[PDB]
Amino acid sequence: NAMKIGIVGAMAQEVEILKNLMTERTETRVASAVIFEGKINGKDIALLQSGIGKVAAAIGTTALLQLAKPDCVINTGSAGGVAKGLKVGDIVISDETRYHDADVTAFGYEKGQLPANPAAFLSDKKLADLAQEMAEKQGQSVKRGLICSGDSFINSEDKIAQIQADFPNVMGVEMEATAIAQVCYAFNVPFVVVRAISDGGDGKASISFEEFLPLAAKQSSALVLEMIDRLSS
């Protein structure tokens, strides 16, 4: 079997571009997850449409890894840009992922850390470097750092500040990345976030998100398609 790239998006809109380019595409529904398998530019792809949130992402990534057994997982889609300088369309790549809504400090764990897991899931160095390299060659504005996940859509300066008080270096926020990373950590599969900004996570985040989710999916998908051509075996 040749290399198989795993790609995960939460919403239909986040996987629509990659999905519509796959040939010999098969569709398998497992509980709340839809897995597409087929080829893009002669490369085997397993594309997961998980649904929104930590548990939907965990169900779908578990089903993806058990059914398609991809060699790596790239989390594509939209994200809230919390770091200064981020604009809608900008690419955000994860160095690491942490939950902004997990708290077992009552037993000495670091904030965001769940028992039996590292406080931070370290993203795959080689995938993250490839994403930033392809992004620079494409001339796409790109930023690399901490992605914080939680079962919340961040839509206020107060909520942004609460997250920054716990995770000062937080670059982007979304609702599945850390959950996908936890599943990939547990199955020992290389993982990286390659998303694009749809909003600033502030009081105008819901309007911005509705207006720029397509842009974020297009910019995110263009970088992932570039990574697909480079990843061979």
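Numbers follow the displayed sequence, beginning with 1.
Checked against the record, the higher mean CA B factor of 32-40 and 163-171 lies with 163-171. As listed in the deposited structure, the average C-alpha B-factor of 109-117 and of 132-140 is greater for 132-140.
In this PDB entry, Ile207 carries a Cα temperature factor that places it within the highest third of its chain's modelled residues.
Ranked within its chain, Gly85 lands in the highest third, by CA B factor from the PDB record. The PDB entry assigns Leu127 a C-alpha temperature factor belonging to the highest third of its chain's modelled residues.
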